[PDB]
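Asks: Starting off with a structure, shown below.
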Amino acid sequence: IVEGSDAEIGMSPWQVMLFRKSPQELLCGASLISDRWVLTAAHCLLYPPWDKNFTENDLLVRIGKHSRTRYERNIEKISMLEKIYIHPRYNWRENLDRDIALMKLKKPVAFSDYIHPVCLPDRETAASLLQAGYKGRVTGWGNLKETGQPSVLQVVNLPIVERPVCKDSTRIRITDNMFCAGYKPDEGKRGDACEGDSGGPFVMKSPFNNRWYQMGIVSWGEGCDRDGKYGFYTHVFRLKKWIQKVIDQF
Amino acid sequence: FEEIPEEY
Amino acid sequence: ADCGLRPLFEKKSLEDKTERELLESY
Ligand SMILES: CC(=O)OC[C@H]1O[C@@H](OCCCOc2cccc(OCc3cc(-c4ccc(Cl)s4)on3)c2NC(=O)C2CCN(C(C)C)CC2)[C@H](OC(C)=O)[C@@H](OC(C)=O)[C@@H]1OC(C)=O
């Protein structure tokens with residue numbers, strides 16, 4: 001995260017770190033959506049251009065963390081993957097359309113003060129909150145700049161951007177399954193996700209029921225916090241039927 | 001990165 | 001069920017330091 005702040009303890013208790021066994025390494029963010037299911041971006045798991053194609057046993061999830069590097073004994077919980085599922089129409093060849101995957105945990109985890117699932121949006125929540133100018137929050141342990149890295153989880157609040165502005169910021173052909181967020185050049189604030197933040201959550205707090213909803217997945221960006229560029233996020237509600245499919249089925 | 005418990 | 005309600009914040013009626021910025025953007 002670029003131009004974020006250090007998170008408060010327990011501020012994002014659904015945040016999950018995707019962690020490589022060897023070398024023992026931060027790969028991506030992710031999110032806890034129940035006691036045995038983790039949501040992330042497809043490209044954290046399968047990205048042919050980087051030679052990335054992870055199997056289950058290559059990866060761990062670490063839940064309840066705050067420190068990027070330290071093993072947070074008696075706080076974090078390290079979990080192993082039973083199965084990885086990638087949206088079948090995930091497009092890695094072109095624009096990262098349907099950049100979404102589910103991970104099924106070997107064992108259900110106990111919730112705690114630092115471990116707690118986020119809500120997934122329903123149609124009405126999406127239609128209400130996913131509006132240009134409304135802000136969400138992105139968290140992660142990714143890099144502090146393009147260029148380096150944080151000691152603890154970073155947080156930044158970013159506004160959702162009008163779709164035509166998203167489209168005119170890039171040569172990439174945007175789909176209806178993604179949205180963009182970030183401040184425009186003449187706005188006073190800046191901030192962006194950066195490398196190592198992908199697969200983490202873009203959340204919003206409902207003013208109706210006070211609950212946190214995961215509206216996006218950190219998907220891609222060209223650079224980090226460049227003027228006139230914006231981060232792109234997988235549109236979680238648009239893919240919810242696929243989510244519910246998988247879950248009412250494994 | 002701090003080494004994790006081998007058990008995992 | 002109790003999704004999205006944080007043990008250390010919503011479950012204790014405590015606000016985090018920047019959540020107001022989101023609610024204000026609405
Ligand atoms: C539509 C498409 O295929 O776009 C590909 C272009 O991609 C261009 O290069 C990327 C420029 C900025 O990139 C970074 C430069 C520095 C660092 C970069 O990644 C760090 C990063 C950032 C983030 C996030 C920030 C905000 C988030 Cl939300 S996530 O996460 N990781 C990037 N990002 C990329 O690498 C991505 C790679 C993935 N693609 C997907 C949309 C498919 C987007 C960029 C090619 O230009 C070249 C050669 O570098 C361009 O080549 C040309 C000019 O045609 C490609 O055009 C092609 C090949 O079609």
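Ordering of the structure tokens sets the chain letters (A, B, ...), residue numbers begin anew at 1 in every chain, and ligands are numbered from 1 in the order given.
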Which residues sit within 7 Å of ligand 1, counting only C-alpha atoms and all ligand atoms, listed as a list in words?

Replies: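 Taking only C-alpha atoms and all ligand atoms into account, the residues around ligand 1 at most 7 Å away are residues 92, 94, 95, 96, 146, 171, 172, 173, 192, 193, 194, 195, 196, 197, 198, 218, 219, 220, 221, 222, 223, 224, 230, 231, 232 and 233 of chain A.
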
Asks: Set the cut-off to 8 Å and count only C-alpha atoms: what are the residues of chain B that reach chain A? Output as a list in words.

Replies: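 That gives residues 1, 2, 3, 4 and 8 of chain B for chain B.
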
Asks: When the cut-off is 6 Å and we count only C-alpha atoms, which residues of chain A are near chain C, given as number ranges by chain?

Replies: A: 10, 113, 117-119, 134-135, 211-212

Asks: How far is it from CA of residue 64 in chain A to CA of residue 13 in chain A, in Å with one decimal?

Replies: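 Between these atoms lies a distance of 5.9 Å.
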
Asks: What is the distance, in Å and to one decimal place, between CA of residue 58 in chain A and CA of residue 18 in chain A?

Replies: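 For CA of residue 58 in chain A relative to CA of residue 18 in chain A, the distance reads 10.4 Å.
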
Asks: Which is closest to residue 20 in chain A among A:242, A:85, A:208, A:54, if we use only C-alpha atoms?

Replies: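 Of A:242, A:85, A:208, A:54, the one nearest residue 20 in chain A is A:54, counting only C-alpha atoms.
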
Asks: Report as JSON, numbers by chain all protein, DNA and RNA residues lying within 12 Å of residue 213 in chain A, evaluated on only C-alpha atoms, omitting residues in the same chain fewer than 4 positions from it.

Replies: {"A": [12, 14, 31, 32, 33, 117, 118, 119, 120, 121, 122, 123, 124, 125, 126, 128, 129, 130, 136, 137, 138, 201, 202, 203, 204, 205, 206, 207, 208, 209, 217, 236, 237], "C": [2, 3, 4, 5, 6]}

Asks: Give me the residues near range 46-49 of chain A as a compact mmCIF listing (two decimals) with N, CA and C atoms, in the first residue's frame, where near means some atom within 12 Å (using only C-alpha atoms) and where sequence neighbours in that chain fewer than 3 positions away do not count.

Replies:
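To be explicit, this is the file written out as part.txt:
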# COMPACT_ATOMS: atom_id res chain seq x y z
N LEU A 27 3.13 -13.59 -0.84
CA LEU A 27 2.64 -13.68 -2.22
C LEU A 27 1.51 -12.72 -2.57
N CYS A 28 0.52 -12.58 -1.67
CA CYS A 28 -0.74 -11.85 -1.99
C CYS A 28 -1.56 -11.61 -0.72
N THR A 40 -9.68 -14.72 -2.75
CA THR A 40 -8.55 -13.96 -3.24
C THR A 40 -8.70 -13.70 -4.75
N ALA A 41 -7.70 -13.11 -5.34
CA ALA A 41 -7.68 -12.88 -6.79
C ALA A 41 -7.11 -14.13 -7.45
N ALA A 42 -7.76 -14.60 -8.49
CA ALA A 42 -7.21 -15.63 -9.39
C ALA A 42 -5.73 -15.45 -9.72
N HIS A 43 -5.26 -14.23 -10.05
CA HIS A 43 -3.89 -14.01 -10.50
C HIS A 43 -2.84 -14.22 -9.40
N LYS A 52 3.66 -18.13 -12.70
CA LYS A 52 2.97 -18.45 -11.49
C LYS A 52 1.84 -19.42 -11.81
N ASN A 53 1.87 -20.59 -11.19
CA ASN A 53 0.78 -21.54 -11.22
C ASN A 53 0.88 -22.36 -9.95
N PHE A 54 0.33 -21.83 -8.85
CA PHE A 54 0.49 -22.51 -7.56
C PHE A 54 -0.45 -23.70 -7.37
N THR A 55 0.08 -24.76 -6.75
CA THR A 55 -0.69 -25.84 -6.20
C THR A 55 -0.89 -25.57 -4.66
N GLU A 56 -1.87 -26.27 -4.10
CA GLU A 56 -2.25 -26.23 -2.68
C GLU A 56 -1.07 -26.25 -1.73
N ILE A 84 -7.96 -25.23 -4.10
CA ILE A 84 -7.99 -23.96 -4.83
C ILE A 84 -8.97 -24.07 -5.97
N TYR A 85 -9.88 -23.10 -6.10
CA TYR A 85 -10.83 -23.01 -7.21
C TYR A 85 -10.69 -21.65 -7.87
N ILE A 86 -10.61 -21.69 -9.19
CA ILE A 86 -10.41 -20.50 -10.00
C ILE A 86 -11.65 -20.35 -10.82
N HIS A 87 -12.14 -19.12 -10.96
CA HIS A 87 -13.32 -18.92 -11.75
C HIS A 87 -12.98 -19.56 -13.13
N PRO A 88 -13.92 -20.35 -13.66
CA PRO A 88 -13.61 -20.96 -14.96
C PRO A 88 -13.47 -19.93 -16.11
N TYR A 90 -12.15 -16.91 -15.71
CA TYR A 90 -10.99 -16.06 -15.46
C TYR A 90 -10.12 -15.88 -16.74
N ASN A 91 -9.89 -14.63 -17.12
CA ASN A 91 -9.10 -14.23 -18.29
C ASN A 91 -7.78 -13.64 -17.93
N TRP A 92 -6.75 -14.48 -17.93
CA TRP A 92 -5.43 -13.99 -17.66
C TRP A 92 -4.70 -13.53 -18.90
N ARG A 93 -5.19 -13.94 -20.08
CA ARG A 93 -4.54 -13.59 -21.36
C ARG A 93 -4.71 -12.13 -21.71
N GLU A 94 -5.76 -11.44 -21.21
CA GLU A 94 -6.10 -10.09 -21.67
C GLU A 94 -6.24 -8.97 -20.64
N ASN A 95 -7.29 -9.03 -19.81
CA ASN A 95 -7.61 -7.92 -18.94
C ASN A 95 -7.84 -8.35 -17.48
N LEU A 96 -7.59 -9.62 -17.16
CA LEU A 96 -7.89 -10.14 -15.81
C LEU A 96 -9.41 -10.13 -15.48
N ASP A 99 -11.26 -11.97 -12.10
CA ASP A 99 -10.03 -12.23 -11.30
C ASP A 99 -10.46 -12.59 -9.85
N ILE A 100 -10.84 -13.85 -9.66
CA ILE A 100 -11.41 -14.30 -8.43
C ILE A 100 -11.11 -15.80 -8.22
N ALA A 101 -10.73 -16.17 -6.99
CA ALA A 101 -10.61 -17.56 -6.63
C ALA A 101 -11.01 -17.79 -5.20
N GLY A 199 -5.12 -9.48 -4.29
CA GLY A 199 -5.94 -10.50 -3.74
C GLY A 199 -6.61 -10.11 -2.42
N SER A 219 -7.05 -6.20 -7.78
CA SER A 219 -6.84 -6.96 -8.96
C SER A 219 -5.63 -6.49 -9.76

Asks: Tell me which of A:115, A:2, A:105, A:161 sits closest to residue 16 in chain A, counting only C-alpha atoms.

Replies: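 Closest residue, counting only C-alpha atoms: A:115.
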
Asks: Quick one: pull the distance between CA of residue 29 in chain A and CA of residue 185 in chain A, Å, one decimal.

Replies: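 Interatomic distance here is 26.9 Å.
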
Asks: Return the single residue from A:19, A:3, A:50, A:245 that is closest to residue 143 in chain A, with distances computed using only C-alpha atoms.

Replies: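 Closest candidate: A:3.
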